[PDB]
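Enquirer:
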Amino acid sequence: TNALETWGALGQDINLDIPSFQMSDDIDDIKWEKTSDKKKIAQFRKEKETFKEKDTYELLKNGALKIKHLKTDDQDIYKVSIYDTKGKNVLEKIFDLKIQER
Amino acid sequence: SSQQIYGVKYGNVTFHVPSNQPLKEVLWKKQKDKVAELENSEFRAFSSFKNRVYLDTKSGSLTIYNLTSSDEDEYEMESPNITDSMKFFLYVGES
Numbered sequence: 004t005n006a007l008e009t010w011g012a013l014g015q016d017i018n019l020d021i022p023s024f025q026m027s028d029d030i031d032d033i034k035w036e037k038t039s040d041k042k043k044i045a046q047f048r049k050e051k052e053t054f055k056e057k058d059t060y061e062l063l064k065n066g067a068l069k070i071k072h073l074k075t076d077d078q079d080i081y082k083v084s085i086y087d088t089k090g091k092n093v094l095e096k097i098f099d100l101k102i103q104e105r
Numbered sequence: 001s002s003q004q005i006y007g008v009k010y011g012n013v014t015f016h017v018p019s020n021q022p023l024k025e026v027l028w029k030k031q032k033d034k035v036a037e038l039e040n041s042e043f044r045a046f047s048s049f050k051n052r053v054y055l056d057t058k059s060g061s062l063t064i065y066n067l068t069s070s071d072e073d074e075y076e077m078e079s080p081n082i083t084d085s086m087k088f089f090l091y092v093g094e095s
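Protein sequences, first through last, are from chains A and B.
All letters in the first sequence, in the order written, are residues 4 to 105 by PDB author numbering.
All letters in the second sequence, in the order written, are residues 1 to 95 by PDB author numbering.
#1: Give the range of the beta strand (DSSP E) segment to which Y65 (chain B) is assigned.
#2: Along the beta strand (DSSP E) that carries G93 (chain B), what are the first and last residues, could you check?
#3: Can you check whether the C-beta of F88 (chain B) is within less than 7 angstroms of a C-beta belonging to chain A?
#4: Could you work out which residues of chain B lie near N92 (chain A), taking near to mean beta carbons separated by less than 7 angstroms?
#5: Are there 16 or more other CB atoms within 10 angstroms of the CB of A36 (chain B), so buried, or fewer, so exposed?
#6: Which residue's Cα is closest to the Cα of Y65 (chain B): B:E42, B:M77, B:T83 and B:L90?
#7: Hey, how far is the Cα of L68 (chain A) from the Cα of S79 (chain B)?
#8: Going along the stretch 28 to 50 of chain A in order, which residues come within less than 9 angstroms of chain B, judged by CB to CB distance?
#9: Quick one, are the C-beta atoms of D79 (chain A) and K37 (chain A) less than 7 angstroms apart?
#10: For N12 (chain B), which option in B:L23, B:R52, B:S1 and B:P18 has the closest C-alpha, if you only look at C-alpha atoms?
#11: Give the DSSP-derived three-state secondary structure of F49 (chain B) in the structure shown.
#12: Measure from the C-beta of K89 (chain A) to each C-beta in chain B and report whether the shortest distance is under 7 angstroms.
#13: Per DSSP, what kind of secondary structure is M77 (chain B) in: helix, strand or coil?
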């Protein structure tokens, strides 16, 4: 329920940052899922090449997901799953991307 | 939805996934943490579950060996060639 409500503006880009997160070496699988459709859009696996569904997205150091030129569909519930080199969950956070038709 | 799987210490179980198409990308979880995964075809068991399991490369079914009672938990699997998650609950029986 801790949906860190985020506010975006139609047409502009937005950054989904993970709070008190710090990039380490124990990190391995950084996952960004778009609830509704239920399929990852971005994923950083240790050293295996950053995966991105659409160039509309971009992974930024410290697992930050970037959503270029927001759209009407780009309004969803985004979740981030970060795992360490042992298959353990390092942290889990949810973002409520609410784009305003200003 | 969730299926209750009963097992026995030192024994082994098998999580049967009612599939058809060879999902070549799957991930098994023991709650928040991972168990075994399949990425672009590169198997990988984590922590304790190393050498301890076998994943069916067709029906995405999972098989754990040598139960340790510390395995009695909530298991769940995911896959893109999906149709909403499968959640199994293992009950490490007594003997």
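Where is the CB? At the ideal position from N, CA and C, for every residue including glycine.
Expert: Let me spell this out:
#1: The residue you call residue 65 (chain B) lines up with position 65 of the second sequence. Annotation for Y65 (chain B): no beta strand (DSSP E) segment contains it, and DSSP assigns it neither H nor E.
#2: For the purposes of this step, residue 93 (chain B) is identified with residue 93 of the second sequence, where counting begins at 1. Segment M86 to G93, the beta strand (DSSP E) holding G93 (chain B).
#3: The residue given as residue 88 (chain B) occupies position 88 in the second sequence. Interface with chain A (7 angstroms Cβ-Cβ cutoff): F88 (chain B) is excluded.
#4: The count along the first sequence starts at 1 and reaches residue 92 (chain A) at position 89. Residues of chain B passing the Cβ test: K32 and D33.
#5: Taking the first residue of the second sequence as position 1, residue 36 (chain B) is located at position 36. It counts as buried.
#6: Your numbering for residue 65 (chain B) matches position 65 in the second sequence. The residue with the shortest Cα to Cα distance from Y65 (chain B) is B:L90.
#7: Position 65 of the first sequence holds residue 68 (chain A). Position 79 of the second sequence holds residue 79 (chain B). Distance between the alpha carbons of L68 (chain A) and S79 (chain B) is about 22 angstroms.
#8: Answer set for the stretch 28 to 50 of chain A: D32, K41, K42, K43 and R48.
#9: Mapped onto the first sequence, residue 79 (chain A) falls at position 76. Mapped onto the first sequence, residue 37 (chain A) falls at position 34. Result yes, Cβ atoms of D79 (chain A) and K37 (chain A) sit closer than 7 angstroms.
#10: Here residue 12 (chain B) is taken as the residue at index 12 of the second sequence, counted from 1. By alpha-carbon distance to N12 (chain B), the top candidate from B:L23, B:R52, B:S1 and B:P18 is B:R52.
#11: Here residue 49 (chain B) is taken as the residue at index 49 of the second sequence, counted from 1. In the displayed model, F49 (chain B) falls within a helix according to three-state DSSP.
#12: Position 86 of the first sequence, counting from 1, holds the residue named residue 89 (chain A). Yes, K89 (chain A) lies at the interface with chain B (some Cβ there is under 7 angstroms from its Cβ).
#13: For this step, residue 77 (chain B) is matched to residue 77 along the second sequence. Here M77 (chain B) sits in strand by DSSP.
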